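*Asks:* First, the structure itself, so that you have it in front of you.
There are 4 protein chains.
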Amino acid sequence: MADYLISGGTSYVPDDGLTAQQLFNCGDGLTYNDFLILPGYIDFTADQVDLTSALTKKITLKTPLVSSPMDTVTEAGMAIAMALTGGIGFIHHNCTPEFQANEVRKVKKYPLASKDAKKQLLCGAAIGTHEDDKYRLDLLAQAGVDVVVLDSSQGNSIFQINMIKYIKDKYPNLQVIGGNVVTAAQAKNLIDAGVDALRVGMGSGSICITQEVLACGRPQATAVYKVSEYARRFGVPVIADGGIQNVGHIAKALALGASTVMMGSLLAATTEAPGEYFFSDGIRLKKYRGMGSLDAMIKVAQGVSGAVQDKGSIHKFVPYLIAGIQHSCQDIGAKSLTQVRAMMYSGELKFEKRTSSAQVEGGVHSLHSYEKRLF
Amino acid sequence: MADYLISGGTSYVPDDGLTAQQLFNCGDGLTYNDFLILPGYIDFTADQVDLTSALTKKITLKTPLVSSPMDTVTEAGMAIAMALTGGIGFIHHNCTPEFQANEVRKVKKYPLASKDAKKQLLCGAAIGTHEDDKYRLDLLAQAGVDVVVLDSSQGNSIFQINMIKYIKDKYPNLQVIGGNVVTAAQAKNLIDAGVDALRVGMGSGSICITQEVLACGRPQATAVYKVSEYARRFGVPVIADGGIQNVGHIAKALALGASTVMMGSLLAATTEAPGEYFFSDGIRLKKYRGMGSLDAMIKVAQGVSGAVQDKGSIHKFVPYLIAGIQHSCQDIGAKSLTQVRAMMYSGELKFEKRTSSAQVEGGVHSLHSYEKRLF
Amino acid sequence: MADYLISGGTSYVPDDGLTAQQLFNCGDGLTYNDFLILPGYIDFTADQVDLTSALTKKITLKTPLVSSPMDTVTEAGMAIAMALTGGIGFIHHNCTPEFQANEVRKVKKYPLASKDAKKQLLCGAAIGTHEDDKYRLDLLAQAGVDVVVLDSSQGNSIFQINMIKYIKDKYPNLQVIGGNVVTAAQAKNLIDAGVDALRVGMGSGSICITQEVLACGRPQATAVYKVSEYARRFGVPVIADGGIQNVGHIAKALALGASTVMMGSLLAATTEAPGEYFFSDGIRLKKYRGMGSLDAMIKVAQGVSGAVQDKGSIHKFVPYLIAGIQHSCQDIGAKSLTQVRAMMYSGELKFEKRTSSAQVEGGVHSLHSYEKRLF
Amino acid sequence: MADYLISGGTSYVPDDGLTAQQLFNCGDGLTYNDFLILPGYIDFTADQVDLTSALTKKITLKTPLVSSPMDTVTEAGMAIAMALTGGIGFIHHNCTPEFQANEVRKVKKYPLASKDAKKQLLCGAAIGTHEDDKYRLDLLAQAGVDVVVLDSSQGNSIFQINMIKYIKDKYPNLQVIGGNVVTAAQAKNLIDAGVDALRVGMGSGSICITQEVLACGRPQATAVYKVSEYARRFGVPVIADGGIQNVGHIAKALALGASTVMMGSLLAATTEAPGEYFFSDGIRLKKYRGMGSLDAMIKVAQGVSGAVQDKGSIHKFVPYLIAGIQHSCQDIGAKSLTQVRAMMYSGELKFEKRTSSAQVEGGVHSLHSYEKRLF
Ligand SMILES: NC(=O)c1ccc[n+]([C@@H]2O[C@H](COP(=O)([O-])OP(=O)(O)OC[C@H]3O[C@@H](n4cnc5c(N)ncnc54)[C@H](O)[C@@H]3O)[C@@H](O)[C@H]2O)c1
Ligand SMILES: NC(=O)c1ccc[n+]([C@@H]2O[C@H](COP(=O)([O-])OP(=O)(O)OC[C@H]3O[C@@H](n4cnc5c(N)ncnc54)[C@H](O)[C@@H]3O)[C@@H](O)[C@H]2O)c1
Ligand SMILES: NC(=O)c1ccc[n+]([C@@H]2O[C@H](COP(=O)([O-])OP(=O)(O)OC[C@H]3O[C@@H](n4cnc5c(N)ncnc54)[C@H](O)[C@@H]3O)[C@@H](O)[C@H]2O)c1
Ligand SMILES: NC(=O)c1ccc[n+]([C@@H]2O[C@H](COP(=O)([O-])OP(=O)(O)OC[C@H]3O[C@@H](n4cnc5c(N)ncnc54)[C@H](O)[C@@H]3O)[C@@H](O)[C@H]2O)c1
Ligand SMILES: O=c1[nH]cnc2c1ncn2[C@@H]1O[C@H](COP(=O)(O)O)[C@@H](O)[C@H]1O
Ligand SMILES: O=c1[nH]cnc2c1ncn2[C@@H]1O[C@H](COP(=O)(O)O)[C@@H](O)[C@H]1O
Ligand SMILES: O=c1[nH]cnc2c1ncn2[C@@H]1O[C@H](COP(=O)(O)O)[C@@H](O)[C@H]1O
Ligand SMILES: O=c1[nH]cnc2c1ncn2[C@@H]1O[C@H](COP(=O)(O)O)[C@@H](O)[C@H]1O
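Laid out in structure tokens, this is it:
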């Protein structure tokens, strides 16, 4: 009878909110803490949200947290902790090739464990783009790296396209990560070159000053939406880096179309981070450089050198991140991240822009003094 | 792997077209032959499209074609033909009450057959709104009418609300058809009164001049969309009358949210139409009056008296109408009318506005002479 | 110095007009005689405009005029005249398979000549979609047809995708024409199936009533723009049929992104058209049926049967069409049709919408009596 | 074949971003750090970007960095350093005429060297507008100044037009710099007066308070776009001053249509700056006054007096600025500044607006403490 015969299954569900296409075609450069996600319907508990998310076309992870190839964030002790909790790591290329191959060998021998066909835990390693970096890839492949990141500030070079053509005939089983891209044109110029997964976002890092120096980049959330919108046409996941201070930005990045979220500062200064601790004004903190900083080794500095206070160990930290992600996906109303992105591209999951006074009341306000403890 | 993990099930499906909400909020008064439906995907043959569509909250028909309570369109010989091919009829109230009760008795004794629980074919009968028309309803209920139409040019009266309150306590099993409404406010003021199904559209009849005389009404397709949009919130089907010359307007009316389509001129001058034929200039044609014409029996004329050439019998005519509806629902890409409306309200089924030169090339053009034969 | 150092090469060139993307995102359903092309700069004569335009991914023609597979427009005597003047023909499938294979054999044995590698003039032949039409393709391939048209009113069926998968492994050198499509979604669902060239436009034929009957289709010029916009992403030409009464609509269709223009009524009633002439009211005219008319051989009629007055022979007619196309491309300001489409997609070639009174003064007006002779 | 015959040369290149005309017609007053430039395609190294940019209609420089005629920024020791690294200087007019003529004589006798026909390095000198300043120009022409700046807060006076008419008949080979203009109307009222190059921007200086005092001016980037848009119609370069703290604003100013960038505070407190150093709270800093400050020599103050910490010498500083400009032009994707402006006015180079939270994450964030070293 009529209660099914008019529409069928779908109830009314009023039209409060903006969809993602309506939000990112107003022209404004929205970042993470500039919009938010409207809630939906809950019919499931929090702990039964599966965070299965693809890294490349062939590589699938159990949780979408991947780390960033920076010489103060990832080495072997980092990648074992990221892969052991279900993510993946990327050993930086700011060292000698035998050192990077040694560390990839170290992590590859060694619950949600993210292991390959031969039951060893996964590992990635970023390479450069210059001609001498073809020798690094042949040392990383002998140690058996599973995925490589063509680490560059600008991903639309003829050099990176030539490197992708160099990899996709000498190693047909190896997965490559093209980047960095922010616009859909340079997404096109890499997906036709054979990239298995893009890496979106330039300028919005916690240490990047390349928007302040080179006048280039774009706001982060618009990049994550408008590259993933193009990249799902060809079945290519994207990776969002930079701009993450908290678990809310991870949920926003996953909701806008990113598959995994790459984090630099939020995993910096852990126990598994390279380097060691030192004290400044009584606060235990570990230093955190950028790749384009002039502490890399007439040159321009696309980054700064700084320090971050510690946050303990990762095995007590990324459980908080994954628990925050499933609570956010509960309040959104989807049982998986795939269902989050399906509800977003289907127009069901609706967003809303957030003004400046709305931002300053979204946080902590109207208190004399507070202490913010997250877990 | 990634081909499911980004979106899942839903492919890309580019964003060509306007949805119905984007189409009917431009402000323009679009009618039937002023927009059209963009096609979709076919994975089914034409003849397996089921046209099951609700008439009221309790009454379900097998095909959405219902007839109009006009004294030159429906009597017993009409209603047996409409119910016998799966629709329903409405015996007009432009006669004495014993005549209408006699004809409803005649049709109720007497494939897709539209029969009740006691296996007799369904029948409706329109009543007035004045106080003496309470005696007509008590004669039609003794003959056992299944649904009644509160036939009025303006459906938001206190008189019609009082008649609905009079019916919904003396006959709790009887179904009522409130109308005519064109705006969502008078949809609200009847659905809270207890109407089982609305009847949308004033002024857009083939013989109505009440837009030209009383300056009231609205364009038909916008009425059918904006009342059905309100009426599906409460599980109330709507009926669209007027403006139909062809099977294309039936498909457009069903796609915009109407459940059944009421037709006056397209079933006028059939063999089962009341009256008899006469010849004028060698063309066999049967006359067709309007209810608000001054040939009803200081008064204003809300209708004209005219004539329509014949179209044979209904049992060879409504097979053409239902075959046109399933071909249109094939080209749209939905297996049922319920799926058509679900794709429309879900934003999947997309429309496009059509300009004046687009209308004049949509029909027949650039020929010396042609003959248009439909079946 | 500064006259080159500010911009370089590009002069000012003020911003009068609308680009094609700005024109076909206002939402309106623009057809051919509803907009027009703003002129540009001339630095070349008319006769040195080359009309080289691709039919499929592999087939290239010398002039973009192709004919339509209709049983009153194309047979062998038509296809020899179309191929002999540089176009191509498509022998209709409204006959027995041995008759169509015989006529394709007849045209394949037999200046701008459009010939293959073996120096015989090209020929196409439309096939159906049903299972028994697999036997027609194997008879047309023995006679050596160069391209086939999957002739259908709706090109997004599972049946046509299955036919394309059936052709693209049994005949890897054969070219297929998918259609008919009007929206970019069904362009996607065929280009991934392996179509070499799309055929855009439904409803806008000179004899189609399928917008008036099945409530489906879209205005023609918006279809030609929005499918070619999607189809040039994958290097797939499109073919525009219907809506052409004159050489102006051919120039508008080629400017919006179509590569070749398929014409039904404008080549009907020629000397090379099938059938024979007859007189009605003293005018020599030849009949012209539609495929969906009920004169094909419970069924709906998607077309009408009519007649067109004669226009002589093609060898005196298509020189007028190609001369009109190069005069239009002169006034636009591009030396080739490829340069027309490059100027259109680059935003250089600008358009302007045209209102109803602008249409009625664009034609002939303010005269007592006139005679319109075109060549 | 078809891969060239549809469009030709131009690939798809999706439509992500806003062009400059779409950006500066939203009405908002965008400045430098309020939008940014989307990247493009790289097929060239950084060091082969030529920064050849015109100063006037006749004067061409090798790098677009010019200095500002302020009595604490430019004297002879400044202009030799600016011209020696390829730019040009402007000796201020806040002194006696014999002193300015002496210093212009000093700089004119005395790699990318910016030299005239007689192989001496170029020099400019600003003059006033009052009647006694006609005597300054006749002393500067005897020492042989190559270009003069009519230094004024408002460039649309009858006084400055009379001075331009006074110069362009007594010195037909001398180049004049009209300014300051911010709107296209006062660009028109000077270009018809005979200006060889405009000087755009009022109020947006690092020491100007004339927006806070005289309620006049406009945001800087909109001025640089909307005067250069008018000025390239007549082949007139523009010079952008004020609002520059970094090399990113230089790249944004050059991308919006400026030919050279005039900088006041970014070259203040160098070794070649006039005056001498002093210490305040342990930081070596040199004072930096404004021309409209009441330290010029009932009057209103259009400027403030302040101080800037040192940045070393220019011969180690402007190599950083030019290296930042060619890295920015690499990431944009153009081999020259002329190609940057050609891609901008052609609609190829696309921009994007940047919100407030996008600005606060574009810089350094989420760190405990950092040190920002640029080279
Ligand atoms: N958030 C971001 O995306 C971002 C932004 C800025 C910097 N960074 C980091 O800063 C690091 C350095 O940035 P980068 O791109 O300048 O490093 P890079 O060494 O890859 O680039 C150096 C320059 O050389 C050019 N190049 C590439 N291949 C070349 C070749 N064969 N020959 C000559 N030149 C070649 C590049 O165009 C570039 O201008 C990167 O590792 C990146 O991770 C990241
Ligand atoms: N397409 C349309 O919707 C449309 C438009 C115009 C006319 N019509 C047809 O024309 C016919 C006549 O139209 P109508 O509405 O004027 O018929 P009606 O007899 O119902 O209305 C007559 C007038 O009396 C008023 N009325 C209702 N109840 C009353 C009561 N107890 N006491 C006093 N006045 C009362 C009504 O407001 C109306 O002004 C209708 O049967 C209708 O079918 C239809
Ligand atoms: N301008 C246009 O695009 C246009 C519009 C209308 C009609 N036409 C012409 O009208 C002709 C007839 O139109 P048509 O599409 O109905 O012809 P058709 O025979 O191809 O279609 C007949 C119906 O059968 C279905 N079909 C396809 N394959 C099938 C299969 N194996 N089994 C069962 N059903 C199958 C189709 O969906 C369709 O509903 C066409 O040749 C076309 O050229 C063209
Ligand atoms: N970013 C900027 O554009 C900006 C803004 C404010 C101030 N400034 C600086 O401040 C300095 C002083 O500004 P200013 O324009 O007031 O200096 P000014 O001496 O040129 O102007 C003084 C006033 O006299 C008027 N004037 C010009 N010629 C005159 C004449 N023959 N007779 C009488 N009056 C005449 C002017 O209109 C002005 O009101 C300028 O050197 C300028 O560089 C720059
Ligand atoms: O030196 C730099 N300048 C600008 N961006 C950088 C630099 N080094 C790394 N990045 C990017 O910053 C990301 C991490 O930033 P974060 O997550 O904000 O801390 C990395 O994944 C890189 O993409
Ligand atoms: O007299 C009248 N004036 C205006 N509308 C009328 C009149 N009589 C009937 N109608 C309406 O016209 C509809 C049928 O019109 P048609 O389908 O266009 O022929 C009926 O269902 C009534 O709603
Ligand atoms: O029967 C029909 N109904 C609707 N469209 C048709 C029919 N037959 C052919 N067509 C289309 O009409 C086109 C030619 O129409 P014309 O060029 O306007 O004369 C053909 O190429 C077909 O795509
Ligand atoms: O006194 C003043 N008030 C406002 N603007 C000034 C003044 N003096 C100089 N300017 C402008 O400020 C520009 C330099 O400012 P800056 O580059 O922001 O440091 C100069 O080129 C002048 O156009």
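Chain order of the listed sequences is E, X, Z and V. Read in my numbering, the first sequence has 290 at position 290, and its numbers run on one by one without any break. Heads up, my numbering is the position in the second sequence plus 1000, with the first residue counted as 1. Heads up, my numbering is the position in the third sequence plus 2000, with the first residue counted as 1. Heads up, my numbering is the position in the fourth sequence plus 3000, with the first residue counted as 1. Positions of the beta carbon are idealized from the N, C-alpha and C atoms, including for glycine.
1. Beta-carbon within less than 6 Å of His-327/E's beta-carbon, same chain only, minus the 5 sequence neighbours each way: which residues are those?
2. Applying a beta-carbon distance threshold of less than 8 Å, which residues of chain X neighbour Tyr-320/E?
3. Sorted by chain position, which residues of the same chain lie with C-beta nearer than 6 Å to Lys-1057/X's C-beta, five sequence neighbours on each side aside?
4. Any idea if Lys-165/E is buried or exposed, counting beta-carbon neighbours within 10 angstroms, 16 or more meaning buried?
5. Going by CA-CA distance only, name the one from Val-2340/Z, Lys-2286/Z, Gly-2363/Z that's closest to residue 2462/Z.
6. At the level of alpha carbons, what is the spacing between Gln-3100/V and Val-3261/V?
7. Is the region 1203-1219 of chain X touching the region 1298-1314 of chain X in the sense that three or more CB pairs, one from each, lie closer than 8 Å?
8. Is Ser-3007/V near ligand 8, in the sense that its beta carbon is under 6 Å from a heavy atom of that ligand?
9. Closer than 7 Å by C-beta to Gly-2124/Z: which residues in its own chain qualify, once you throw out the five before and the five after it? Chain order, please.
10. Return helix, strand or coil for residue 2448/Z, following the three-state DSSP convention.
11. Which value, in whole angstroms, describes the spacing of the CA atoms of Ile-3059/V and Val-181/E?
12. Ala-3240/V and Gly-3201/V - do their beta-carbons sit closer together than 7 Å?
13. Mark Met-1001/X as exposed unless 16 or more other C-beta atoms lie within 10 angstroms of its C-beta, in which case mark it buried.
14. Contact between the region 3026-3035 of chain V and the region 3324-3340 of chain V: three or more CB pairs below 8 Å?
15. Just how far apart, CA to CA, sit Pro-3097/V and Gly-3363/V?
16. Taking Cβ positions only, does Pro-219/E come closer than 7 Å to chain V?
17. Could you tell me which residues DSSP puts in a beta bridge with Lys-2287/Z?
18. Is the region 3126-3137 of chain V in contact with the region 3151-3166 of chain V, if contact means three or more CB pairs nearer than 8 Å?
19. Got a sec, what are the start and stop residues for the beta strand (DSSP E) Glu-352/E sits in?
20. Can you pull the chain V residues whose beta carbon is under 7 Å from the beta carbon of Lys-226/E, in chain order?
21. Taking Cβ positions, are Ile-2322/Z and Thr-2063/Z nearer each other than 7 Å?
22. How many Å lie between residue 961/X and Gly-1008/X at the Cα?
23. Which stretch, first to last residue, makes up the beta strand (DSSP E) that contains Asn-3246/V?
24. Quick one: what does DSSP say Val-2300/Z is sitting in, helix, strand or coil?
25. According to the Cβ coordinates, are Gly-2257/Z and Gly-2040/Z closer than 7 Å?
26. Distance cutoff 7 Å, beta carbons only. Does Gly-1248/X sit that close to anything in chain Z?
27. For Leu-1112/X, I'd like the list of residues in its chain whose CB is within less than 8 Å of its CB, leaving aside the five on either flank, ordered along the chain.
28. Closer than 8 Å by beta-carbon distance: list the chain V residues that pair up with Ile-209/E, in chain order.
29. Using a Cβ cut-off of 7 Å, pull out every chain X residue sitting near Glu-2212/Z, in sequence order please.
30. Does any residue of chain Z have a CB that is nearer than 7 Å to the CB of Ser-3357/V?
*Replies:* Let me spell this out:
1. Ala-46
2. Ordered by position in chain X, no residue passes the 8 Å Cβ test against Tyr-320/E, which lies about 24 Å from the chain.
3. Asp-1196
4. exposed
5. Outside the modelled stretch of chain Z, which goes from 2001 to 2375, sits residue 2462/Z, for which no answer is possible.
6. 23 Å
7. yes
8. no
9. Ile-2088, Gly-2089, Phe-2090, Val-2145, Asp-2146, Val-2147, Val-2148, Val-2149
10. The structure shown does not extend to residue 2448/Z, since chain Z spans only 2001 to 2375, so no value can be given for it.
11. 39 Å
12. yes
13. exposed
14. no
15. 45 Å
16. yes
17. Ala-2307/Z
18. yes
19. 351-353
20. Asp-3016
21. yes
22. Because residue 961/X is not part of the residues shown, which for chain X are 1001 to 1375, the question remains open.
23. Where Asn-3246/V is concerned, there is no enclosing beta strand (DSSP E), given that its DSSP letter is neither H nor E.
24. coil
25. no
26. yes
27. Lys-1062, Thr-1063, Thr-1085, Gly-1086
28. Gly-3363, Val-3364, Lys-3372
29. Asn-1246, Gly-1248, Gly-1362, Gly-1363
30. no
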